[PDB]
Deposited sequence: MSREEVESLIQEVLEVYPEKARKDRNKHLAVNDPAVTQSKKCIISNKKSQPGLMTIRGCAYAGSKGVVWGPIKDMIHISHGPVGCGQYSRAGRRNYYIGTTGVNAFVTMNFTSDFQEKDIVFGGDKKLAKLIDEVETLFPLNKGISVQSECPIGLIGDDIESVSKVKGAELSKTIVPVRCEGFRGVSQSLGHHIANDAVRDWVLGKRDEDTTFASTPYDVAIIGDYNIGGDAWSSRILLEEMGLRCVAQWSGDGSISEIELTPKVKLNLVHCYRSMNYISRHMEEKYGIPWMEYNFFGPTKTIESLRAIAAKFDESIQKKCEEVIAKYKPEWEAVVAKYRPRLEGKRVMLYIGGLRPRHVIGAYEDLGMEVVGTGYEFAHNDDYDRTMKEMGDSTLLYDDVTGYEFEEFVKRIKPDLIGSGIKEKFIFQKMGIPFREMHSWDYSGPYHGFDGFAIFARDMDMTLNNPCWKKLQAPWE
């Protein structure tokens, strides 16, 4: 596990830049993220992931935008630090409402000896703006895991401690942060509505629909709720060690896991939060019960080849393991005749988390698994 990829074999694994720019930093909406290097890396990742956010794109939000230094031969030969400084000045000129800048390094940045840290410090002092250099060169590591680690280190070193000596924020005993939820199709919103219906206050939610001020406010919360453990465990343990903030993993995939996680989260607070959790569970019971009643008979006994995701499949009467469904590879299984659905990287539908997301998940599973198109692969004359 977590070893080097065999050369010459196809694989889904991205690079460190994909794990840093595409996952951790890109969803931050009020910041501008410069893909430092040639044009390709920024072009292919532009609006590739559905990290949903609320904002005015191009004015105060920049998630779906592509900011790049567009490296040429002269930038490779003579470096791009002067180009980086000029680009930062131009970004300040043309996008005055940005609340910060991150510089995500592509591969040639780590090979030509460019010092983006010094440029970041100098320009941040000059413009009184947070400029975060991220050394997420794609060749670093073996997958996006090192990209997540480098991006988390950048968050810790440049953003997280910005309000360490600030006490103006008024805190409540029910302060929680949502860490590692990237709001794929609005997953983080579906989780946050349930959390606030419990009486909890979600002070911070990042990266998905996340702002830099929320990241700075994260060290002020009472509890951290980590959705994606493998991409945010470093920052969670850092916050536990430095600020003494406990963290826990929450699983809002399927009604059973959602109920269990809500009760576990309420167990970390007083009795009022527990009573509110019981109220939320009672309120949402009929809705997911109706969803199960409608869709479970259509999905009972179906085998899925893929815990986090097992709960929702089992809530629909589906067996998890000739698979009837499998949770770049999508089209390969599609052409083999097996219905396929992305259970954690879906590019079209959502959300799937929470009680509202469970209805969409059940509808999508019934739609894909029971579609007549899978019954027509063989010509009647063959």
May I ask you to mark the stretches of the deposited sequence that the structure leaves without C-alpha coordinates?
1 to 44, 351 to 357, 373 to 413, 420 to 422
